[PDB]
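Source file: protein.tsv. Holds: TSV, C-alpha atoms.
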```tsv
chain	number	residue	atom	x	y	z
A	1	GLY	CA	0.00	0.00	0.00
A	2	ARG	CA	2.88	2.39	0.62
A	3	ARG	CA	4.15	2.02	-2.94
A	4	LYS	CA	1.56	2.95	-5.57
A	5	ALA	CA	1.30	2.02	-9.23
A	6	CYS	CA	3.89	3.68	-11.46
A	7	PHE	CA	2.98	6.17	-14.18
A	8	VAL	CA	2.48	4.40	-17.53
A	9	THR	CA	5.73	5.66	-19.07
A	10	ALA	CA	7.72	4.16	-16.18
A	11	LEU	CA	6.64	0.60	-17.12
A	12	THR	CA	9.61	0.26	-19.49
A	13	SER	CA	12.85	1.96	-20.55
A	14	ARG	CA	15.43	1.21	-23.22
A	15	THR	CA	19.20	1.02	-22.60
A	16	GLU	CA	21.26	0.77	-25.79
A	17	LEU	CA	23.70	-2.17	-25.86
A	18	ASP	CA	24.31	-2.78	-29.62
A	19	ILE	CA	24.32	-6.57	-29.17
A	20	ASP	CA	24.12	-8.61	-32.39
A	21	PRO	CA	20.79	-10.50	-32.40
A	22	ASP	CA	22.01	-13.34	-34.65
A	23	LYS	CA	25.12	-14.06	-32.58
A	24	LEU	CA	23.06	-13.80	-29.41
A	25	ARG	CA	20.43	-16.25	-30.66
A	26	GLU	CA	22.95	-18.80	-31.94
A	27	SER	CA	24.87	-18.72	-28.66
A	28	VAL	CA	21.68	-19.35	-26.68
A	29	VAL	CA	20.54	-22.17	-28.99
A	30	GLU	CA	23.91	-23.87	-28.64
A	31	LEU	CA	23.97	-23.46	-24.86
A	32	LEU	CA	20.52	-25.01	-24.42
A	33	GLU	CA	21.73	-28.14	-26.23
A	34	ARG	CA	24.15	-28.77	-23.34
A	35	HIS	CA	22.15	-27.17	-20.50
A	36	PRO	CA	18.40	-27.48	-21.18
A	37	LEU	CA	15.74	-25.18	-19.84
A	38	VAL	CA	13.92	-26.59	-16.84
A	39	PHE	CA	10.14	-26.42	-16.12
A	40	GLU	CA	7.22	-26.14	-18.52
A	41	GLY	CA	5.21	-23.13	-19.61
A	42	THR	CA	7.70	-20.60	-18.24
A	43	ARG	CA	11.07	-22.31	-18.67
A	44	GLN	CA	14.36	-21.21	-17.12
A	45	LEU	CA	18.14	-21.62	-17.01
A	46	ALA	CA	20.42	-19.77	-14.57
A	47	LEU	CA	23.43	-17.92	-15.97
A	48	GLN	CA	24.71	-16.74	-12.56
A	49	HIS	CA	25.32	-18.85	-9.47
A	50	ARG	CA	26.12	-18.44	-5.82
A	51	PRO	CA	29.81	-18.95	-4.98
A	52	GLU	CA	30.68	-22.66	-4.56
A	53	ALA	CA	27.24	-23.77	-5.84
A	54	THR	CA	26.96	-27.45	-6.73
A	55	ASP	CA	23.82	-26.80	-8.86
A	56	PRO	CA	24.89	-23.61	-10.67
A	57	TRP	CA	22.59	-23.98	-13.68
A	58	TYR	CA	19.28	-24.45	-11.85
A	59	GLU	CA	19.57	-23.19	-8.26
A	60	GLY	CA	18.78	-19.65	-9.34
A	61	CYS	CA	15.66	-20.85	-11.19
A	62	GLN	CA	13.80	-21.74	-8.00
A	63	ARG	CA	10.69	-19.76	-7.09
A	64	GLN	CA	11.33	-16.38	-5.43
A	65	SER	CA	10.27	-17.61	-1.98
A	66	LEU	CA	13.02	-20.28	-2.05
A	67	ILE	CA	15.68	-17.72	-3.01
A	68	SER	CA	17.67	-16.49	0.00
A	69	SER	CA	18.47	-13.25	-1.81
A	70	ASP	CA	18.84	-12.40	-5.49
A	71	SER	CA	22.07	-10.63	-4.52
A	72	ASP	CA	23.76	-13.94	-3.65
A	73	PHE	CA	23.66	-15.02	-7.32
A	74	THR	CA	26.67	-13.05	-8.51
A	75	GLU	CA	28.98	-15.44	-10.38
A	76	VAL	CA	28.69	-15.73	-14.14
A	77	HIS	CA	29.42	-19.33	-15.15
A	78	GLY	CA	33.08	-19.61	-16.08
A	79	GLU	CA	32.38	-21.39	-19.36
A	80	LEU	CA	30.39	-18.38	-20.62
A	81	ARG	CA	33.51	-16.18	-20.71
A	82	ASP	CA	34.65	-17.60	-24.06
A	83	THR	CA	31.28	-17.40	-25.83
A	84	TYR	CA	29.18	-14.52	-27.05
A	85	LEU	CA	27.20	-14.58	-23.80
A	86	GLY	CA	30.39	-13.48	-22.04
A	87	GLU	CA	30.45	-10.49	-24.38
A	88	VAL	CA	26.87	-9.64	-23.38
A	89	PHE	CA	27.80	-9.59	-19.70
A	90	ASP	CA	30.87	-7.48	-20.52
A	91	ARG	CA	28.69	-4.78	-22.06
A	92	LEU	CA	26.26	-4.40	-19.18
A	93	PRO	CA	26.41	-0.95	-17.53
A	94	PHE	CA	25.58	-2.51	-14.15
A	95	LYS	CA	26.54	-5.54	-12.08
A	96	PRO	CA	23.77	-8.09	-12.71
A	97	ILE	CA	22.41	-10.58	-10.18
A	98	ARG	CA	20.43	-13.80	-10.64
A	99	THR	CA	20.55	-13.61	-14.43
A	100	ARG	CA	18.47	-16.31	-16.13
A	101	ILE	CA	17.41	-17.32	-19.58
A	102	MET	CA	13.62	-17.32	-19.35
A	103	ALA	CA	11.18	-18.57	-21.98
A	104	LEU	CA	7.44	-18.74	-22.73
A	105	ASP	CA	6.13	-21.82	-24.50
A	106	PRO	CA	4.17	-21.47	-27.77
A	107	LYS	CA	0.49	-20.62	-27.20
A	108	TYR	CA	1.21	-20.18	-23.47
A	109	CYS	CA	0.38	-17.42	-21.01
A	110	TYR	CA	0.69	-17.11	-17.27
A	111	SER	CA	-1.53	-15.78	-14.51
A	112	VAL	CA	-2.29	-12.11	-13.98
A	113	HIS	CA	-0.06	-11.31	-11.03
A	114	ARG	CA	2.62	-9.07	-9.53
A	115	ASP	CA	6.31	-9.85	-9.22
A	116	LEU	CA	8.43	-8.61	-6.35
A	117	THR	CA	11.24	-6.97	-8.35
A	118	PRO	CA	11.54	-5.52	-11.87
A	119	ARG	CA	14.15	-6.96	-14.22
A	120	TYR	CA	16.00	-5.99	-17.38
A	121	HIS	CA	15.22	-7.96	-20.53
A	122	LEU	CA	17.30	-8.74	-23.60
A	123	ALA	CA	15.04	-10.52	-26.09
A	124	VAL	CA	16.71	-13.49	-27.82
A	125	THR	CA	13.92	-14.98	-29.93
A	126	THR	CA	10.51	-13.38	-30.19
A	127	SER	CA	7.62	-12.48	-32.50
A	128	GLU	CA	4.72	-10.06	-32.79
A	129	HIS	CA	2.68	-12.65	-30.85
A	130	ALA	CA	4.67	-12.26	-27.61
A	131	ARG	CA	3.58	-9.41	-25.36
A	132	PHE	CA	3.41	-8.14	-21.80
A	133	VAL	CA	-0.11	-7.05	-20.78
A	134	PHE	CA	-0.42	-4.50	-17.95
A	135	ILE	CA	-3.94	-4.73	-16.52
A	136	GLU	CA	-4.19	-1.66	-14.31
A	137	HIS	CA	-2.31	0.49	-16.82
A	138	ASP	CA	-4.21	-0.87	-19.82
A	139	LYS	CA	-0.93	-1.00	-21.75
A	140	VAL	CA	0.45	-3.72	-24.07
A	141	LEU	CA	4.22	-4.01	-24.52
A	142	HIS	CA	6.43	-5.85	-27.03
A	143	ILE	CA	10.16	-6.29	-26.37
A	144	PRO	CA	11.97	-6.72	-29.73
A	145	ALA	CA	15.10	-8.80	-30.27
A	146	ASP	CA	17.05	-5.70	-31.32
A	147	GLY	CA	20.15	-6.12	-29.15
A	148	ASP	CA	19.08	-3.49	-26.62
A	149	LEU	CA	18.15	-3.90	-22.95
A	150	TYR	CA	14.62	-3.18	-21.69
A	151	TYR	CA	13.60	-2.50	-18.12
A	152	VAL	CA	10.13	-4.00	-17.60
A	153	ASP	CA	8.30	-3.30	-14.35
A	154	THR	CA	6.65	-6.65	-13.69
A	155	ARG	CA	5.80	-5.53	-10.15
A	156	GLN	CA	2.79	-3.95	-11.88
A	157	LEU	CA	-0.28	-6.17	-12.31
A	158	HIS	CA	0.33	-8.05	-15.53
A	159	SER	CA	0.36	-11.18	-17.60
A	160	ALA	CA	2.59	-12.23	-20.48
A	161	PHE	CA	1.54	-14.32	-23.44
A	162	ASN	CA	3.15	-15.97	-26.46
A	163	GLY	CA	0.57	-16.60	-29.18
A	164	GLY	CA	3.20	-17.77	-31.65
A	165	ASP	CA	4.19	-21.24	-32.84
A	166	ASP	CA	7.78	-20.92	-31.52
A	167	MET	CA	9.01	-20.39	-27.99
A	168	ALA	CA	9.83	-16.80	-26.96
A	169	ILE	CA	13.16	-16.44	-25.13
A	170	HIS	CA	14.73	-13.59	-23.12
A	171	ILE	CA	17.81	-13.11	-21.01
A	172	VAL	CA	16.50	-11.62	-17.77
A	173	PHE	CA	18.90	-9.67	-15.52
A	174	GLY	CA	18.42	-8.53	-11.95
A	175	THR	CA	20.27	-5.60	-10.44
A	176	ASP	CA	20.99	-4.25	-6.98
B	1	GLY	CA	-7.89	-0.99	-46.76
B	2	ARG	CA	-11.19	0.80	-47.31
B	3	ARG	CA	-12.31	0.04	-43.75
B	4	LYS	CA	-10.07	1.61	-41.11
B	5	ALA	CA	-9.57	0.71	-37.46
B	6	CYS	CA	-12.47	1.64	-35.19
B	7	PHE	CA	-12.25	4.23	-32.44
B	8	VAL	CA	-11.33	2.61	-29.12
B	9	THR	CA	-14.80	2.99	-27.56
B	10	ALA	CA	-16.31	1.04	-30.47
B	11	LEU	CA	-14.33	-2.08	-29.55
B	12	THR	CA	-17.10	-3.26	-27.23
B	13	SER	CA	-20.63	-2.51	-26.10
B	14	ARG	CA	-23.00	-3.87	-23.45
B	15	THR	CA	-26.56	-5.07	-24.15
B	16	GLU	CA	-28.50	-5.88	-20.98
B	17	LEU	CA	-30.01	-9.39	-20.97
B	18	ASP	CA	-30.47	-10.18	-17.23
B	19	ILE	CA	-29.49	-13.84	-17.68
B	20	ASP	CA	-28.78	-15.78	-14.49
B	21	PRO	CA	-25.06	-16.70	-14.44
B	22	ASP	CA	-25.51	-19.80	-12.24
B	23	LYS	CA	-28.30	-21.32	-14.34
B	24	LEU	CA	-26.39	-20.41	-17.47
B	25	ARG	CA	-23.21	-22.06	-16.23
B	26	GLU	CA	-24.89	-25.22	-14.96
B	27	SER	CA	-26.82	-25.63	-18.21
B	28	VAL	CA	-23.63	-25.34	-20.28
B	29	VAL	CA	-21.64	-27.72	-18.06
B	30	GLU	CA	-24.35	-30.38	-18.32
B	31	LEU	CA	-24.63	-29.96	-22.10
B	32	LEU	CA	-20.89	-30.45	-22.61
B	33	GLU	CA	-21.16	-33.75	-20.74
B	34	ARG	CA	-23.47	-35.01	-23.51
B	35	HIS	CA	-21.88	-33.24	-26.51
B	36	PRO	CA	-18.09	-32.72	-26.43
B	37	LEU	CA	-16.18	-29.61	-27.40
B	38	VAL	CA	-14.07	-30.29	-30.48
B	39	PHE	CA	-10.56	-28.93	-31.24
B	40	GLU	CA	-7.77	-27.94	-28.84
B	41	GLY	CA	-6.76	-24.52	-27.53
B	42	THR	CA	-9.88	-22.80	-28.81
B	43	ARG	CA	-12.61	-25.42	-28.38
B	44	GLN	CA	-16.07	-25.23	-29.89
B	45	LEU	CA	-19.59	-26.63	-30.01
B	46	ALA	CA	-22.29	-25.36	-32.39
B	47	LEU	CA	-25.67	-24.38	-30.95
B	48	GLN	CA	-27.25	-23.53	-34.33
B	49	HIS	CA	-27.33	-25.62	-37.51
B	50	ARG	CA	-28.23	-25.38	-41.16
B	51	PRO	CA	-31.62	-26.87	-42.09
B	52	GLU	CA	-31.35	-30.63	-42.65
B	53	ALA	CA	-27.75	-30.77	-41.44
B	54	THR	CA	-26.39	-34.25	-40.80
B	55	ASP	CA	-23.74	-32.93	-38.35
B	56	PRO	CA	-25.63	-30.12	-36.59
B	57	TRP	CA	-23.52	-29.93	-33.42
B	58	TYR	CA	-20.22	-29.42	-35.30
B	59	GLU	CA	-20.68	-28.15	-38.88
B	60	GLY	CA	-20.83	-24.58	-37.58
B	61	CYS	CA	-17.47	-25.05	-35.83
B	62	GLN	CA	-15.43	-25.41	-39.03
B	63	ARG	CA	-13.01	-22.61	-39.91
B	64	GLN	CA	-14.52	-19.57	-41.63
B	65	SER	CA	-13.09	-20.42	-45.06
B	66	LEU	CA	-15.15	-23.65	-45.09
B	67	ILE	CA	-18.37	-21.83	-44.10
B	68	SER	CA	-20.55	-20.98	-47.09
B	69	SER	CA	-22.36	-18.26	-45.17
B	70	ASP	CA	-22.77	-17.64	-41.45
B	71	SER	CA	-26.37	-16.73	-42.32
B	72	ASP	CA	-27.19	-20.35	-43.22
B	73	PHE	CA	-26.74	-21.49	-39.59
B	74	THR	CA	-30.15	-20.41	-38.35
B	75	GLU	CA	-31.75	-23.31	-36.47
B	76	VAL	CA	-31.34	-23.67	-32.72
B	77	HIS	CA	-31.11	-27.36	-31.79
B	78	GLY	CA	-34.49	-28.80	-30.92
B	79	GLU	CA	-33.28	-30.31	-27.67
B	80	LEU	CA	-32.30	-26.84	-26.39
B	81	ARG	CA	-35.77	-25.28	-26.41
B	82	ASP	CA	-36.86	-26.58	-23.00
B	83	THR	CA	-33.54	-26.02	-21.19
B	84	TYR	CA	-32.17	-22.74	-19.90
B	85	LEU	CA	-30.21	-22.27	-23.13
B	86	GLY	CA	-33.56	-22.00	-24.92
B	87	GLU	CA	-34.44	-19.19	-22.52
B	88	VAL	CA	-31.20	-17.42	-23.48
B	89	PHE	CA	-32.09	-17.55	-27.16
B	90	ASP	CA	-35.64	-16.38	-26.43
B	91	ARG	CA	-34.31	-13.19	-24.84
B	92	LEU	CA	-32.00	-12.12	-27.66
B	93	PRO	CA	-33.02	-8.77	-29.22
B	94	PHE	CA	-31.76	-9.98	-32.62
B	95	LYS	CA	-31.97	-13.13	-34.72
B	96	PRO	CA	-28.69	-14.98	-34.05
B	97	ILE	CA	-26.71	-16.95	-36.61
B	98	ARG	CA	-23.95	-19.55	-36.27
B	99	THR	CA	-24.08	-19.45	-32.47
B	100	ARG	CA	-21.35	-21.50	-30.79
B	101	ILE	CA	-20.02	-22.30	-27.37
B	102	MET	CA	-16.36	-21.29	-27.55
B	103	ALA	CA	-13.68	-21.87	-24.95
B	104	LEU	CA	-10.03	-21.08	-24.21
B	105	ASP	CA	-7.95	-23.78	-22.51
B	106	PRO	CA	-6.16	-22.92	-19.24
B	107	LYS	CA	-2.83	-21.13	-19.77
B	108	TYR	CA	-3.61	-20.84	-23.50
B	109	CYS	CA	-3.57	-17.91	-25.91
B	110	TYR	CA	-3.95	-17.65	-29.65
B	111	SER	CA	-2.12	-15.75	-32.36
B	112	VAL	CA	-2.37	-12.00	-32.85
B	113	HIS	CA	-4.75	-11.74	-35.78
B	114	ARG	CA	-7.94	-10.28	-37.25
B	115	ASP	CA	-11.28	-12.03	-37.57
B	116	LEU	CA	-13.68	-11.36	-40.45
B	117	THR	CA	-16.81	-10.55	-38.41
B	118	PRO	CA	-17.46	-9.26	-34.88
B	119	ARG	CA	-19.64	-11.35	-32.56
B	120	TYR	CA	-21.69	-10.93	-29.40
B	121	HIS	CA	-20.38	-12.66	-26.26
B	122	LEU	CA	-22.19	-14.06	-23.22
B	123	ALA	CA	-19.55	-15.18	-20.74
B	124	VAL	CA	-20.37	-18.53	-19.07
B	125	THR	CA	-17.27	-19.24	-16.98
B	126	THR	CA	-14.37	-16.83	-16.68
B	127	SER	CA	-11.83	-15.23	-14.35
B	128	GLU	CA	-9.66	-12.14	-14.04
B	129	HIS	CA	-7.01	-14.08	-16.00
B	130	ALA	CA	-9.04	-14.19	-19.24
B	131	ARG	CA	-8.75	-11.08	-21.43
B	132	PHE	CA	-8.92	-9.77	-24.97
B	133	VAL	CA	-5.83	-7.78	-25.98
B	134	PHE	CA	-6.17	-5.18	-28.76
B	135	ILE	CA	-2.71	-4.50	-30.19
B	136	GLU	CA	-3.31	-1.47	-32.42
B	137	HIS	CA	-5.66	0.10	-29.87
B	138	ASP	CA	-3.44	-0.68	-26.86
B	139	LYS	CA	-6.56	-1.81	-24.98
B	140	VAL	CA	-7.24	-4.76	-22.66
B	141	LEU	CA	-10.80	-6.02	-22.20
B	142	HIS	CA	-12.45	-8.41	-19.73
B	143	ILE	CA	-15.91	-9.85	-20.41
B	144	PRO	CA	-17.57	-10.71	-17.07
B	145	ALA	CA	-20.05	-13.54	-16.58
B	146	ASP	CA	-22.75	-11.09	-15.47
B	147	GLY	CA	-25.60	-12.33	-17.68
B	148	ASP	CA	-25.27	-9.45	-20.15
B	149	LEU	CA	-24.27	-9.55	-23.82
B	150	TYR	CA	-21.03	-7.94	-25.03
B	151	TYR	CA	-20.23	-6.95	-28.59
B	152	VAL	CA	-16.50	-7.49	-29.13
B	153	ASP	CA	-14.94	-6.28	-32.38
B	154	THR	CA	-12.44	-9.06	-33.07
B	155	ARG	CA	-11.92	-7.70	-36.59
B	156	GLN	CA	-9.43	-5.42	-34.87
B	157	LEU	CA	-5.90	-6.77	-34.45
B	158	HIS	CA	-5.98	-8.78	-31.24
B	159	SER	CA	-5.20	-11.86	-29.24
B	160	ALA	CA	-7.04	-13.47	-26.35
B	161	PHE	CA	-5.48	-15.26	-23.42
B	162	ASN	CA	-6.61	-17.33	-20.45
B	163	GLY	CA	-3.96	-17.24	-17.73
B	164	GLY	CA	-6.17	-19.17	-15.34
B	165	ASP	CA	-6.18	-22.77	-14.14
B	166	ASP	CA	-9.69	-23.40	-15.53
B	167	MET	CA	-11.12	-23.19	-19.02
B	168	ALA	CA	-12.87	-19.92	-19.95
B	169	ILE	CA	-16.17	-20.39	-21.76
B	170	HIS	CA	-18.41	-18.03	-23.76
B	171	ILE	CA	-21.53	-18.35	-25.85
B	172	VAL	CA	-20.71	-16.52	-29.08
B	173	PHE	CA	-23.53	-15.22	-31.30
B	174	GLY	CA	-23.39	-13.93	-34.85
B	175	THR	CA	-26.05	-11.71	-36.33
B	176	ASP	CA	-27.15	-10.35	-39.71
```

Full structure transcribed into structure tokens:
Amino acid sequence: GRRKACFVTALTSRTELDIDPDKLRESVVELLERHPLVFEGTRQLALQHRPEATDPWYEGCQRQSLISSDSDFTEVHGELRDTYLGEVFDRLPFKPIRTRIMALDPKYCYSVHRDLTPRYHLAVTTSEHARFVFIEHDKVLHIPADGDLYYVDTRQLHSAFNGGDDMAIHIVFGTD
Amino acid sequence: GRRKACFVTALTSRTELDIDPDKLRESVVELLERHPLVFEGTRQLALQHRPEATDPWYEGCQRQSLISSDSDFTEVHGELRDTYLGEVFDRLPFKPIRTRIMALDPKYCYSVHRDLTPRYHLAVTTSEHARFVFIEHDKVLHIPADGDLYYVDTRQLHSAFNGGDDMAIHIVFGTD
């Protein structure tokens, strides 16, 4: 109750990163061959882990209430340094936490709800059929796979849907 | 095109029908026990048929390109006249055509697209997670199961999603 809904223009913001969409997509496709997304509907893979984690690829994918603190998930996987995903992390203007690849299945949507913390999104694979829907703000948002980073305030009441035939995939960064 | 997008307030309109939501819902649930919805994702059952149809419960559910004319599907099924669904038809202020029960699976959405003809909607079972999303108009719409009839202009670019755990069900009426 003490925080109120944001003004509509504060739902999103663009930070220019100049990432190459083709190289980004091919690096994600190759990575998922070796480290598959877990879960169904909304699927996930962790790109940052807690120091000394024995389950670095999936620990950070647990539901928020099982996460001690997002800020513990600081370590980019060592093997990413050599690939184009290492280049993505190098270009970030902030220190990310609990970064995950996150995906929406084809023809899938999730419940209208509020998240606890907004994140930054880099779209990997998407289409005109994949959108965020903000219910109180009556605003529809599409995040293009243009190599730029988009803040998206998913604390606001919202759903997301993917009406396409192919899965929609983002890299989703936290910050502190 | 010669027809342009409608103004945002013309996306929907309410016609008061005073139908009882509980009797409506219980009559539809019982009917679907005896006559199954066909298709997946968007599921359908026809409530009106062409004269002398051999497949009256399902001919009207074929895709629009296989429909000769919506206006041929004029006859309410005989077995409906003495149930509450017959009462619904008796109250309509227009002559309906090609009326169908239409439903969206849980966690399902369909492609962003345009339909050829707008319809009138009577929501049977729904939740806050089921919405129409108008892309060009940047408008989100919920049709409540309040016993009233809602025009929805699905000729406009749109998707629909059901983020809920249960199937969302409408009766969908055409008219001349």

Margin query: Within 10 Å of (16.3, -25.2, -19.0) (file coordinates; all atoms listed in the file), which protein or nucleic acid residues are there? I'd like them as number ranges by chain.
Written below: A: 31-40, 42-46, 57-58, 61, 100-103

Check: In Å, how far is it from CA of residue 116 (chain B) to CA of residue 14 (chain B)?
Finding: 20.8 Å

Notebook entry, point to check: Once you count all atoms listed in the file, which residues of chain B turn out to be within 10 Å of chain A? Could you give them as an MDAnalysis selection string?
Noted result: chainID B and resid 41 105:113 128:131 133:142 158:165

Margin query: Report, in Å with one decimal, the straight-line distance from CA of residue 63 (chain B) to CA of residue 171 (chain B).
Written below: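 About the pair CA of residue 63 (chain B) and CA of residue 171 (chain B): they are 17.0 Å apart.
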
Next item on the list: Have a look at CA of residue 26 (chain A) and CA of residue 83 (chain A) and let me know their distance in Å, one decimal.
Entry: 10.4 Å

Note to self: Give me the residues near residue 91 (chain A) as an NGL selection string, where near means some atom within 12 Å (using all atoms listed in the file) and where sequence neighbours in that chain fewer than 6 positions away do not count.
What the structure shows: :A and (15-20 or 84-85 or 147-149)

Margin query: Here's a test: counting only C-alpha atoms, identify every protein, DNA and RNA residue with an atom at most 8 Å from (18.4, -11.7, -24.9) in the file's coordinate frame, and state them as a ChimeraX atom specification.
Written below: /A:21,24-25,101,121-125,145,147,169-172

Would you save the residues from that selection as a short mmCIF file (atom, residue, chain, number, x, y, z; two decimals), keeping the file's coordinate frame, using C-alpha atoms?
```cif
data_model
loop_
_atom_site.label_atom_id
_atom_site.label_comp_id
_atom_site.auth_asym_id
_atom_site.auth_seq_id
_atom_site.Cartn_x
_atom_site.Cartn_y
_atom_site.Cartn_z
CA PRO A 21 20.79 -10.50 -32.40
CA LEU A 24 23.06 -13.80 -29.41
CA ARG A 25 20.43 -16.25 -30.66
CA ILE A 101 17.41 -17.32 -19.58
CA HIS A 121 15.22 -7.96 -20.53
CA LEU A 122 17.30 -8.74 -23.60
CA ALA A 123 15.04 -10.52 -26.09
CA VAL A 124 16.71 -13.49 -27.82
CA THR A 125 13.92 -14.98 -29.93
CA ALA A 145 15.10 -8.80 -30.27
CA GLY A 147 20.15 -6.12 -29.15
CA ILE A 169 13.16 -16.44 -25.13
CA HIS A 170 14.73 -13.59 -23.12
CA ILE A 171 17.81 -13.11 -21.01
CA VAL A 172 16.50 -11.62 -17.77
#
```

Next item on the list: Find the residue from A:30, A:55, A:79, A:153 that sits nearest to residue 10 (chain A); use all atoms listed in the file when measuring.
Entry: A:153

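Proximity ranking of A:104, A:143, A:157, A:47 relative to residue 89 (chain A) places A:47 first, based on all atoms listed in the file.
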
Please, can region 119-131 of chain A be completed to N, CA, C and O atoms and returned as a compact mmCIF listing (two decimals), keeping the file's coordinate frame?
```txt
# COMPACT_ATOMS: atom_id res chain seq x y z
N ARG A 119 12.93 -6.41 -13.63
CA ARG A 119 14.15 -6.96 -14.22
C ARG A 119 14.41 -6.26 -15.54
O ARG A 119 13.54 -5.56 -16.07
N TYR A 120 15.62 -6.46 -16.05
CA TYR A 120 16.00 -5.99 -17.38
C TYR A 120 15.97 -7.16 -18.35
O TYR A 120 16.41 -8.26 -18.03
N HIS A 121 15.44 -6.91 -19.55
CA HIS A 121 15.22 -7.96 -20.53
C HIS A 121 16.01 -7.70 -21.80
O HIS A 121 15.98 -6.60 -22.34
N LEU A 122 16.68 -8.74 -22.28
CA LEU A 122 17.30 -8.74 -23.60
C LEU A 122 16.60 -9.85 -24.37
O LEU A 122 16.76 -11.03 -24.04
N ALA A 123 15.79 -9.49 -25.37
CA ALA A 123 15.04 -10.52 -26.09
C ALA A 123 15.99 -11.28 -27.01
O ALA A 123 16.81 -10.68 -27.72
N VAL A 124 15.86 -12.61 -27.01
CA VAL A 124 16.71 -13.49 -27.82
C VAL A 124 15.94 -13.94 -29.05
O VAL A 124 16.40 -13.76 -30.19
N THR A 125 14.77 -14.53 -28.84
CA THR A 125 13.92 -14.98 -29.93
C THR A 125 12.51 -14.55 -29.58
O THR A 125 12.04 -14.86 -28.48
N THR A 126 11.86 -13.83 -30.48
CA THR A 126 10.51 -13.38 -30.19
C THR A 126 9.73 -13.20 -31.49
O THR A 126 10.23 -13.48 -32.58
N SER A 127 8.48 -12.76 -31.36
CA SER A 127 7.62 -12.48 -32.50
C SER A 127 6.58 -11.44 -32.09
O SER A 127 6.46 -11.07 -30.92
N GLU A 128 5.80 -10.99 -33.08
CA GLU A 128 4.72 -10.06 -32.79
C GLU A 128 3.66 -10.67 -31.88
O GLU A 128 2.80 -9.94 -31.38
N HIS A 129 3.69 -11.98 -31.67
CA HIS A 129 2.68 -12.65 -30.85
C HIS A 129 3.04 -12.70 -29.38
O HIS A 129 2.26 -13.24 -28.60
N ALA A 130 4.20 -12.18 -28.99
CA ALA A 130 4.67 -12.26 -27.61
C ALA A 130 4.60 -10.87 -26.99
O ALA A 130 5.23 -9.93 -27.49
N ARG A 131 3.81 -10.73 -25.93
CA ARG A 131 3.58 -9.41 -25.36
C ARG A 131 3.42 -9.49 -23.85
O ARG A 131 2.91 -10.48 -23.32
```
